[PDB]
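One chain follows as structure tokens, the form deposited in one PDB entry.
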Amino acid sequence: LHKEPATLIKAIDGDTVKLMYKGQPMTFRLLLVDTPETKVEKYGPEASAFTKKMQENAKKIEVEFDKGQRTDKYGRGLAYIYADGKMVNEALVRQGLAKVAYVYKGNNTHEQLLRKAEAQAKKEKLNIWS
């Protein structure tokens, strides 16, 4: 898997963000995470603000596709997003603002990493695990 540059256009929700990738606007859905929905579930606005702040304040945004299918049925890209080297998917789970989702079409390179982060957020009874 390799990282590619992208530019933030607009954060839409805790699990979805619009990015300029290879010159064209595109909607990305964060791989392996399930965040409370804003469109409004409990912690939804917290998750949304977290994702937004983390990406708006970064110097560099990179996208990393996994080895499985790259887009869902709605046309959104399926990827791990990094903000200044830190993976947003992982930060959300670690902070207890998302649960790890079921592996989708072979996209599970970081499932264990995220699983570990979630167990810890759980032990700490953070946010969602409150």
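Residue numbers run from 1 along the displayed sequence.
Below: the form solved in complex with a small molecule, not depicted.
Looking at the small molecule in the deposited bound form, residues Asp15, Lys73 and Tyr104 each place a heavy atom within 4.5 Å of it.
Site annotation in the deposited bound form: the residue of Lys52, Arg29, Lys99, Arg94 reaching within 4.5 Å of the small molecule with a heavy atom is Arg29.
Of the stretches 43-51, 29-37, 59-67, 80-88, only 29-37 has residues with a heavy atom within 4.5 Å of the small molecule in the deposited bound form.
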